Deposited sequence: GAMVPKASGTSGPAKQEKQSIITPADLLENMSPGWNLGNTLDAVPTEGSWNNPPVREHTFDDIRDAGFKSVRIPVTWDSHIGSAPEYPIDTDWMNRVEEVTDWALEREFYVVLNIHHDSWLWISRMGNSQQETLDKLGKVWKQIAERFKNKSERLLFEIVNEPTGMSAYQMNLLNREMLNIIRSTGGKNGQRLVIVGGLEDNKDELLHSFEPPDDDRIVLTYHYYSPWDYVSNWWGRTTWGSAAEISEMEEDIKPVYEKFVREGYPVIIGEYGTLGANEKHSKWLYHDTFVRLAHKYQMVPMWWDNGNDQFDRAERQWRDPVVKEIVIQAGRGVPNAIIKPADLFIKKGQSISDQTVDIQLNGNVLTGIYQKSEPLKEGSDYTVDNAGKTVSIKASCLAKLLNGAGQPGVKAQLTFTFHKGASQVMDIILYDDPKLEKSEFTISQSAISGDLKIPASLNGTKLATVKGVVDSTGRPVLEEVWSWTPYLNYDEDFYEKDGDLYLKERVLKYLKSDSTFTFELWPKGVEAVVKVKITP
């Protein structure tokens, strides 16, 4: 099996995150135990492969044999079979065991490695006779051991798998370096002597963009795009063109919410993975992309981008993706720029009704610049929010959808809060009427000094981090308890919104 064969068979992939990998068991985190029909839903979307992370920890019995709980093994087989019966290529692994107990390798190798061997022999034996579309991944983000120990661990677990024989003699086995890190793979890793292995790494760069840390709310400079390619090209050069298939076991955004950047990031990364013959598997923890309960994608466009790009089909990208019009403003013609990426604009629709080229909109000769006429905009537009959506269709690749959003100045019922340090318990709710605007990022500054509220954590910036420090929910703004606990004296928080330049300033007073 060549790297090209694996790409053709597996790209694009999707992770069943925070499910069988949850702790202590399936359903312990934000997703319930997976329903069979979720795999039908992922099939409907067009993914060719799924990764099923599994944390075995609480289901492993005592020394010396470490028997895996029978009901758990039955459940993992049930879920694995559901995926396989939908003709997916399927990745089965050992997941959060990596830090729950495997990272004891450094301090206690002989006991830990013995235990891991007995665990993998049990997994290998149960799944020995499954079709070749099932792949084994030795361990997720391995840590707490040397590079030498990592290479030993890969070799020993692979030997155990091979030794069970039958189809496990030829089954694809996925290995990587420390922490599934790309640089470890390139510099400390050595491939086991085996001609049926696949190499892996995870990719989440830039971390502060994908996680919306420190106010890094956009992505896509020429340098950023160049740096993304230069990141992964050496893996192609050292391994792929030497015949090693490669799986990017996880990639994707982790809270970043700006549409244009998110779409551009996914199209760019997946196209680069495809170019260099690496299978991209999308990280979905159940909150960020596919809504399993509603059985719908929270961002259908970014999903369609991954589906097309993962098949080697470039997607056109429009800017802006969100058009903000302020209540009362004078209306003029609106320019939308299109990064065609080889594609051809075939129309612009509202619902399934087409706009008229000439009177509703015009295009330049290149076909990459669209002017939506003011009179058309006026018709599409008194309550704030998304008033209309324009769907740009292309001959090939995903459609682009532009929200036309009416907004007005956000209003807060209360913009000053007093907190007692001894009485802190849970997040601070800041009721708001955002009037069509959306939360982008937040910074926090100590009034008397002008220094960051979180200076003891991040010295160089006042900007806070999405989710761990702040969030928006049901139209209200929140500061996490974490932030409140760092407050020493009166501070000012700036909630920066979309559209760029609109913000809401909140003062927080501190008492004992």
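Stretches of the deposited sequence lacking C-alpha coordinates, numbered from 1: 1-21, 403-405.
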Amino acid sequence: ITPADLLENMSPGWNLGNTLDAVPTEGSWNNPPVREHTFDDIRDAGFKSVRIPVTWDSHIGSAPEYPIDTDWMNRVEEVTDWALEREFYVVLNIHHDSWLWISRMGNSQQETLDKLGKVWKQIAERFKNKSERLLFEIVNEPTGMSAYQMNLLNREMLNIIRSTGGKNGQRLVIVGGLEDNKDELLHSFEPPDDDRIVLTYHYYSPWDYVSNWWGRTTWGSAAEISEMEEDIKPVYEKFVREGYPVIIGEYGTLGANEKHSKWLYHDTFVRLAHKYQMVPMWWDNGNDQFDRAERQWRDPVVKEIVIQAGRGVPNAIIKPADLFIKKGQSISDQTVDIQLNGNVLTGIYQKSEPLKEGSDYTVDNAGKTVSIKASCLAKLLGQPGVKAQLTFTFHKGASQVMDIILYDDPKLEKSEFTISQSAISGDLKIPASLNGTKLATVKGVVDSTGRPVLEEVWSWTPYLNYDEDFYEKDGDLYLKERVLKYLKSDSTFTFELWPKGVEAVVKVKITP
From here on, numbers count along this sequence of modelled residues.
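Mean CA B-factor, 111-119 versus 367-375: the higher value falls on 367-375. Stretches compared: 357-365, 123-131. Higher mean C-alpha B-factor in the entry: 357-365. Among 205, 149, 346, 80, the highest C-alpha B-factor recorded in the PDB entry belongs to 346.
For the set 266, 387, 216, 274, the PDB entry assigns the largest Cα B-factor to 387. The PDB entry assigns residue 503 a C-alpha temperature factor belonging to the middle third of its chain's modelled residues. For residue 424, the recorded CA temperature factor ranks within the highest third of the chain's modelled residues. Looking at the C-alpha B-factors along this chain, the one for residue 189 belongs to the highest third. Among the modelled residues of its chain, residue 418 has a C-alpha B-factor that falls in the highest third, as given in the PDB entry. When all modelled residues of the chain are sorted by CA temperature factor, residue 88 is found within the lowest third.
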